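Reading the structure
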Amino acid sequence: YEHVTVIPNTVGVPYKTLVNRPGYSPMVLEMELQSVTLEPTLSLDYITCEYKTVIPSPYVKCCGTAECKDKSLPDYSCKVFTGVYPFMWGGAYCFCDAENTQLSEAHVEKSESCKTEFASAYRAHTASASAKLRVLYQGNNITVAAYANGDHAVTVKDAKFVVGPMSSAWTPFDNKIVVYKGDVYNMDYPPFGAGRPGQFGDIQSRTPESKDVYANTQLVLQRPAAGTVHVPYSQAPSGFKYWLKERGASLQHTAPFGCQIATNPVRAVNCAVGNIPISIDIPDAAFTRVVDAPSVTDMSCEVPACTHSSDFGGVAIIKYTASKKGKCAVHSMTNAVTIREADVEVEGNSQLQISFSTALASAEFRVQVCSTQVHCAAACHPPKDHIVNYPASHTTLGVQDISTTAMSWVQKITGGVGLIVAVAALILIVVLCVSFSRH
Amino acid sequence: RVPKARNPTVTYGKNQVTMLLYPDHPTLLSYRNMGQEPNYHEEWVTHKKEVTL
Ligand SMILES: *[C@@H]1O[C@H](CO)[C@@H](O)[C@H](O)[C@H]1NC(C)=O
Ligand SMILES: *[C@@H]1O[C@H](CO)[C@@H](O)[C@H](O)[C@H]1NC(C)=O
């Protein structure tokens, strides 16, 4: 037997459904959702880290002129200065007092620490989904796990389950994301080969083990001071350090719908959007014939208390007379009232007790116990606590749900006004007919 | 290793929450709405202060 149901995407709230097959007793199932996970598909673009500058010793040539050649190293620079007269700790360096020169050079490499401290840029695509459920089946708890699409089927204790697909395609990730030690950011990183001197992306590489490095920092050599041997220079400071000090809040604290974020691997969990359809196939041996189940012949209902809070604030007592000892199901026939209990045991001449929750100011509903129905009614009071720490366990109200006393007053006013129109119209019809006939 | 903060005092009203905070060193406070519009806010607290939300 095939059964189809729809469940809203809310974690921590149980739901019930009724299975009805001709010739057999009815059966009631209970389901509850524990977790939902989304996972995108990722592709690497490049990584960034800090840099190091290399300066070999200067070359001092006295009573002569020096020169330098070009090289292929990144950010290479050379320059020649004249008029130098360096000193050391024991006296002047070279005998000549004029026509001396100095040569200096430098270039840029990749730091050793990039194997531990780095950031990575990714491009994201369509995500998959998965879910896990708890089902109450013939008095026992069982658990299932499956992908949230129609291409997976599982079997537990000879029952087949298929879940999905989801009603919504909403995802919290954009096309470009950045990951660093557990944080995920949305950022439009610059193109490869088009870096900037003082922002994110001055140093670029394709993998931590690669040898090719692109660099776009500024490097200019300046004149040495009188009487000293050194190599001064000017350069823009590292952009990776600057980003760490002003990166701002992460995606976990700003995302909507209450989603949570994890990074190893990148995931998003418990986003409350949409709803999930479910299909179940029940074997024939699980049913009981109507002739073997007990019968119940007389019922009455009374309701001693009601408070329409967010928790189970109701109590009810039902009297019954049963033909033989057995088991029975309990199910509500209205949508605004929910009953916690799933089944009861009946014998002889006695009474049973149940609990319910509802948002109605005036409560009327029907209860079904083993193919018979009873009518209950009572009045309800409002609560006193303003704020609680858990969600409501009942559905919302419509325009048709109004207290019985309020409906009575609407009827008298509307009816009374309408009569005055009705009597006035009859006078008009008579007068025209007389005037027509007299002429 | 990093420390953890002291418990605040909370009172209730109609559609509002009142909190009294006891800082020992600079601490960050933040909150957001669940649903479609998060409305993020952020603030640093360095002394005794009272807030309503
Ligand atoms: C641990 O160190 C390895 C290399 O030594 C590095 O690849 C990894 O990212 C480090 N993990 C953390 C959490 O720092
Ligand atoms: C397991 O089943 C019992 C009923 O036999 C129920 O009370 C309990 O809540 C179930 N376990 C969980 C984790 O819900």
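Per the PDB record, the structure was determined using cryo-EM to 3.27 Å resolution.

On to the UniProt feature "disulfide bond" in chain A, then. Residues and elements named next belong to chain A. The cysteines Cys62 and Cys94 that UniProt joins by a disulfide are bonded here; their SG atoms are 2.0 Å apart. A residue pair is termed long-range when its members are at least 10 positions apart, and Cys62 in the loop between β6 (59-61) and β7 (77-82) and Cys94 in the loop between β9 (91-92) and β10 (101-110) qualify at 32 residues. The exposure classification of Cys62 matches that of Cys94, with both residues buried. The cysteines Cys259 and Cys271 that UniProt joins by a disulfide are bonded here; their SG atoms are 2.0 Å apart. Taken as a pair, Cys259 in the loop between α2 (251-254) and β22 (260-263) and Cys271 in the loop between β23 (266-269) and β24 (275-281) lie far apart in primary sequence, twelve residues in all. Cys271 matches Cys259 in its accessibility class, with the two residues each being buried.

All names here are of chain A. The strand order across the open sheet formed by four strands is β29-β27-β32-β33, and the pairing between neighbours is antiparallel. With one partner strand each, in any of the chains shown, β29 (343-346) and β33 (373-379) form the two edges of the open sheet. The average angle at which neighbouring strand axes cross in this sheet is 30°, direction not considered. Where strand β27 (residues 326-332) meets strand β32 (residues 362-369), three bridges bridge the pair, whose relative direction is antiparallel. Bridge assignment links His331 to a residue of β32, and that residue is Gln368.

This part takes up the packing of aromatic side chains. All names here are of chain A. Evaluated as defined, the whole model comprises ten aromatic pairs over all chains. Between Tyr180 and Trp243, the aromatic rings sit 6.4 Å apart at their centres with planes inclined by 85°, giving edge-to-face as the arrangement. Of the two residues, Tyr180 is situated in strand β16 (residues 176-180) and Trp243 in helix α1 (residues 239-245); the sequence distance between them amounts to 63 residues. Here the two residues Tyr180 and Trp243 agree in accessibility, since each one is buried. Relative to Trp243, the ring of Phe240 lies with its centre 6.4 Å away and its plane at 25°, an arrangement referred to as stacked. Taken together, the residues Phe240 and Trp243, both in helix α1 and three residues apart, mark about one turn of the helix.

At the junction of the two partners, chain B supplies ten residues and chain A supplies twelve residues. A per-residue breakdown of the area chain B buries against chain A is headed by B:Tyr12, B:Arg32 and B:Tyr40, which together make up 53% of the total. Taken together, the links from chain B to chain A amount to zero salt bridges. Linking chain B to chain A there are three residue pairs in polar contact. Taken together, the elements giving at least two residues each to the side of chain B that touches chain A come down to β1 (9-13) and β2 (16-21) of chain B. The residue makeup of the side of chain B that touches chain A, split by class, is four nonpolar, four polar and two charged.

The next point concerns the sheet that holds strand β25 (residues 296-306) of chain A. Residue and element names in this part refer to chain A. If you walk across this open sheet you meet the three strands as β25-β26-β30, and the pairing is antiparallel. Taken across any chain shown, the strands that pair with only one partner, and hence form the sheet edges, are β25 and β30 (349-354). When the angles between neighbouring strand axes are averaged without regard to direction, this sheet yields 20°. As judged from the seven bridges shared by β25 and strand β26 (residues 314-322), these two strands associate in the antiparallel manner. Bridging across to β26, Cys301 finds its partner in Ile318.

All names here are of chain A. A complete count under the given rule lists 14 salt bridges over all chains for this structure. Across the salt bridge formed by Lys16 and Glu30, the nearest N and O atoms sit 2.4 Å from each other. Taken as a pair, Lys16 in strand β2 (residues 15-19) and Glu30 in strand β3 (residues 27-39) lie far apart in primary sequence, 14 residues in all. Note that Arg21 is salt-bridged to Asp284, the shortest N-O span being 2.6 Å. One end of the pair, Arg21, is in the loop between β2 and β3; the other, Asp284, is in the loop between β24 and β25, and 263 residues separate them in sequence.

Criteria and cut-off values
Residues numbered from 1 in each chain as written, not as in the entry; some residues may be left out. Chains lettered and ligands numbered in written order. Part of a larger assembly, values for the part shown. Heavy atoms only, no water. Disulfide = S-S within 2.5 Å. UniProt positions renumbered as here; feature names shortened; annotations may be inferred. Helix = DSSP H or I, 4+ residues; strand = E, 2+ residues; numbered from the N terminus. Buried < 20%, exposed > 50% of the residue type's maximum accessible area, 1.4 Å probe, protein only. Pairing = 2+ DSSP bridges. Axes fitted to C-alpha atoms, helices over the stretch in contact; angles between N-to-C directions. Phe/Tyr/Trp six-rings, centres within 6.5 Å; stacked < 30°, edge-to-face > 60°. Contact = heavy atoms within 4.5 Å. Buried area = accessible area lost by both parts, 1.4 Å probe. Salt bridge = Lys/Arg side-chain N within 4 Å of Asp/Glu carboxyl O. Polar contact = N/O pair within 3.5 Å; in protein donor to acceptor, adjacent residues only side chain to side chain. Nonpolar A, V, L, I, M, F, W, Y, C, P; charged D, E, K, R; others polar.

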